[PDB]
Structures are given as C-alpha cells and as structure tokens.
There are 2 protein chains.
Amino acid sequence: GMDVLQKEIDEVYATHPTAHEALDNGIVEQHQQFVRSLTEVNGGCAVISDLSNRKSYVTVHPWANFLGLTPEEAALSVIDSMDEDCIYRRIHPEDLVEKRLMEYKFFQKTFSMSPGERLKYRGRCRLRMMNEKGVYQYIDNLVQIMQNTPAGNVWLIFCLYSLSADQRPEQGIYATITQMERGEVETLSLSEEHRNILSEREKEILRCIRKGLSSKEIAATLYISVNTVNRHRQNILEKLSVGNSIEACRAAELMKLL
Amino acid sequence: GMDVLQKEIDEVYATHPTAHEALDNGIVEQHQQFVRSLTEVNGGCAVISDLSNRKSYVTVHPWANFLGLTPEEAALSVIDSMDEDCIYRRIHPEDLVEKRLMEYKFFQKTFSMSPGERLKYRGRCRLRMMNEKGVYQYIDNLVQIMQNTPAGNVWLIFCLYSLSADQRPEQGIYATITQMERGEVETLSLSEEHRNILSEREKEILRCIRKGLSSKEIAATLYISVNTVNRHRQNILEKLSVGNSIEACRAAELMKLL
Ligand SMILES: [Cl-]
Ligand SMILES: [Cl-]
Ligand SMILES: [Cl-]
Ligand SMILES: [Cl-]
Ligand SMILES: [Cl-]
C-alpha cells in the first residue's frame, strides 16, 4: 500500500538497539491486557509496536465499525510490521501523509530524549478513516512511547484510534505534540514538509509520466539522461511505497504530493 | 461550592436502586486497577462513581497539574460522594453549567435503555479548568456507563479528565453524545436549557435581592406573600447548591443564569 517516510522512520528506530537486550515478556502481556480493557471502553482500536522484535499486536473492538475492516482483517491479533498495515490503508491518503510527518517528528524528538522524559510526551491528531460504506469519518489518533527497556531504549510504542467527538471538517489533521506534566500543547504546521515529500525534480518527472511521456521524452524535455530519469523513477517508487509508475501517479495525486 | 442540577441528577440515579442486590466487589476492583493504568498513559484524572454505595474512587496522576489541586487534594483515593468536589471547583463556572446539562441528558437517555445498549454511549465535552498558576486550559472530559448490576441497573459511572489537544477557544463546551457501534455523534445545543436553570420569577427575585430589597419589599413589588418569596429563595439556594442569598447572587452572575 502507498505510504511515506517508511525509510526515515525505520532510521529513527534503528538509533536504539532494543533487539539486543534480554527483556521480560510479562511486561508486554500486562500492556496487552490494559489495551484490550481500554478498547472495551472506547469501542476502538489499539496497536502496540514492539521494537525488540519488530512485531505489532493489534486489538480491534467489535464496535470499531469506523475502521471498515473485513471479518478476516479484524480477526488479526499479531502483525509482523512495526505498523498495523491494513488499518493504515483505511486512512484518507492526504491525512496519511500528515500522520507520517507527525510520527517522524514525534519519534525524532522522543528517541533523542532521556527515557524518563520521553514518556511525558504524546502525539495526537484527527484523521479521516473510511468505513464499510466508503464514508470518511473523523477519528482521534494517539502515538505515545509506552515502555522503555532497562537500558533506556524505546521498547513499546502505543497507538490508539477511536471515533472523535469532533466530526467537523478542517484543513489538515491538527497534529500536536503535548508535554503532559508542563501542560504544553504544540501545534505542528506540516504544510511545508508535505510539499517537500517529493523533490521538485521528482514532481516534474511524475507530471511527465502522468502526461504520458516515455523515459526518452522526459530526458529530452528536462535535459537529463535516460539513466537519470530511471534513477528518479525508482526513487519515487521507494518514497511512496508503490510498485510501478502508474501506481506512483495515483499515489502522488491522492496524497496531494505534486 | 456552587453547582447546578444536583437534585435532578440524584433523582435519575434513584431510578436505579440496587440495595436489594448483593454485588461482587471484585468487579469494582478490576475497574479501579484499569483506571489507574489509564491515568498513567493520559497523565490525567479518573473518577468512578459507585451508585451502589454512593462513593467515588478518584485517581489523580502526578502529571495532572492542569487540575490545579493542592498536595492534600490529590492524595484522595476514595471520596464519600458521587462526585469529588475539589475537581468541579476548578471548572470555569459557565462551563460547569453546560457540563451538568450534558450529564443530565446523558444519564436520562442511558438510564432508560437496556443494560447492553446503554454501554454503547459516551458523553463528551471540552471544559476550561484552572491550573496551579490560575490560568484556564482546555480539558477533554468523558462520562460513560462502565458497569451494570446483574439485575440490570447502572452500577459504575466512569469520568475522565485529560489535557486536550485542542486549546483553541470556542463558544461552549462542544458537548456530544456518541453511539460508538453505529458511529453516531450527536452535538448538544444547551443554550435554551442554560437560560432556564432558573425560572423568570426566580430571576426577578434574585435581581431584587441583589438590588437590596427585603422579602417584605419583594412581596410588595411582585404582589406575592413573604411565605412565597421565601419558598422561592429556598428553591434558588438548592438549585445553585449555595448556603445564602449573597452566595446565590454571586453564583447566578458567574454561571450566567440571570
Ligand atoms: Cl461506523
Ligand atoms: Cl481537532
Ligand atoms: Cl498545567
Ligand atoms: Cl414587619
Ligand atoms: Cl402569593
């Protein structure tokens, strides 16, 4: 599925050598029980991402119809990514880009702080997610460091989804980073980083591809080599987590990257 | 402390008597452990009202400085009421009126539904609360039925307070009632009920008191007896949870009830 900043976020995770520690699993079990209880109150969905083994534990409540998951996708309990992949597919493509930007800023910030301090922070936003009838509804999303390892590395990351009290439209996902103790709520302005997911050269190449030019025509019109065009094309496929150029075109348009 | 609708809300609670039931305390204990684990994630405050014994179990996290509590007031874990008075005092007085109106509508709706259905609803709002430095900040507040008794009565009500991601001012507390499984968020319009907490005759009587008229003089101007004036006065004191007519005038002004 289309996505952004996957490489960059994995790089932040790679700054903590969590997978090298001998960790107690009973801690993860206690958190899994808490998250099931919480979903029984909010009627939503919880994901616990475990950096020690790169696995996700997903809990979906029967009342979480706003996710629009199929019977088979709801039956999941353990995903093999740091992301709950079929939940992400349900997010409006424009909102997914902003979510990714907030997560990257949030993890950059929290991973470079002390273990005790990083726990006082929370990243939040309000996303559009599509239900079973293809209608977008507004969902409150939380990202938060839940547990650290004894040696101070990030161990568990907590993600939460629930139907928001606010169903009114507004431009963007109103991303925020909150420091709970100091009572500080920082609003993120994501517009400029969004416009820069793709470089200007990558955007030109994609507009040519969409228009119907061949590598040879693109090289002719942008005064670059066919080798270079194909280097950019392949970079774009990686940046947008898609498999071919027609897929890249649809992703760029849906996510409003051009 | 000044408040509204305390009699009306207590009457709603009284519609679900449970004295005849022998209830399992182990159930309450599990909810208390959950609510503690939750506050350790949202850095906030949880109140569980137990309608069976009319006690409240209050948990305040150390990072919940947005509450403005003093050290002694935070130490509290079992309040002897259906609500902890030290929390409500911190709520902006105008926001308090709307909060009670939402709760009253929420309870009236839920207490008339089946045990299974009433669990699918959430009452939410965004309140102003005064912190340790005397500044108002925005707090997300939740009211939800958490547990019914075997015979079908409301047993435990769950309230939650945490620092909102939205710190932008707006007219009112944006009170909502959400049906989680149907994905339905109903916005409440509370202005007409707010203006009707006091009757027109009760408002007239309070203006005279503020103006300095005695009961005898109020009786002459309105052409009613002193017995009648004094019954209205006592009714007003009860409606506003205050002890005298000076406190009543001040409360009506601060809560914008005149
Ligand atoms: Cl829905
Ligand atoms: Cl928002
Ligand atoms: Cl604060
Ligand atoms: Cl006299
Ligand atoms: Cl009379």
# chains A, B, ... in the order shown; residues from 1 in each chain; ligands from 1
$ select_by_dssp --residues "segment 84-227 of chain B" --states "strand (DSSP E or B)" --output "number ranges by chain"
B: 91, 121-130, 136-148, 154-163, 176-179, 184-187
$ interface_residues --of "chain B" --to "chain A" --cutoff "7 Å" --atoms "only C-alpha atoms" --output "PyMOL selection string"
chain B and resi 34+43+63-66+124+165+176+180-181+183+185
$ residues_around --residues "segment 100-115 of chain A" --least-positions-apart "5" --cutoff "8 Å" --atoms "only C-alpha atoms" --output "JSON, numbers by chain"
{"A": [4, 5, 8, 9, 12, 13, 15, 16, 121, 123, 143, 145, 148, 152, 153, 154, 175, 176, 177, 188, 190, 193, 194]}
$ residues_around --residues "residue 257 of chain A" --least-positions-apart "3" --cutoff "12 Å" --atoms "only C-alpha atoms" --output "NGL selection string"
:A and (3-4 or 93-98 or 191-200 or 202-204 or 206-207 or 236 or 239-240 or 248-254)
$ atom_distance --atom1 "atom CA of residue 2 of chain A" --atom2 "atom CA of residue 36 of chain A"
28.9 Å
$ residues_around --residues "residue 74 of chain B" --least-positions-apart "3" --cutoff "9 Å" --atoms "only C-alpha atoms" --output "PyMOL selection string"
chain B and resi 58-62+69-71+77
$ write_last_selection --atoms "C-alpha atoms" --output "short mmCIF file (atom, residue, chain, number, x, y, z; two decimals), in the first residue's frame"
data_model
loop_
_atom_site.label_atom_id
_atom_site.label_comp_id
_atom_site.auth_asym_id
_atom_site.auth_seq_id
_atom_site.Cartn_x
_atom_site.Cartn_y
_atom_site.Cartn_z
CA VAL B 58 -10.73 9.32 42.49
CA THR B 59 -7.30 8.79 40.84
CA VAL B 60 -5.13 11.84 40.09
CA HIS B 61 -1.85 11.25 38.25
CA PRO B 62 1.22 13.30 39.34
CA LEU B 69 -5.20 20.66 43.03
CA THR B 70 -3.15 21.11 46.19
CA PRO B 71 -0.98 18.18 47.50
CA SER B 77 -8.37 7.96 46.55
#
$ closest_residue --among "B:168, B:54, B:89, B:118" --to "ligand 2" --atoms "only C-alpha atoms and all ligand atoms"
B:168
$ closest_atom_pairs --of "chain B" --to "ligand 5" --cutoff "6 Å" --atoms "only C-alpha atoms and all ligand atoms" --output "tab-separated table"
residue	atom	partner	partner_atom_place_in_ligand_line	distance
B:224	CA	ligand 5	1 (Cl)	3.7
B:225	CA	ligand 5	1 (Cl)	4.3
B:228	CA	ligand 5	1 (Cl)	5.2
$ select_by_dssp --residues "segment 66-249 of chain A" --states "helix (DSSP H, G or I)" --output "VMD selection string"
chain A and resid 66 to 67 71 to 74 85 to 88 93 to 111 115 to 118 191 to 194 200 to 211 215 to 222 226 to 239 245 to 249
$ closest_residue --among "A:19, A:67, A:209, A:255" --to "residue 132 of chain A" --atoms "only C-alpha atoms"
A:67
$ closest_residue --among "B:68, B:169, B:150, B:116" --to "ligand 3" --atoms "only C-alpha atoms and all ligand atoms"
B:68
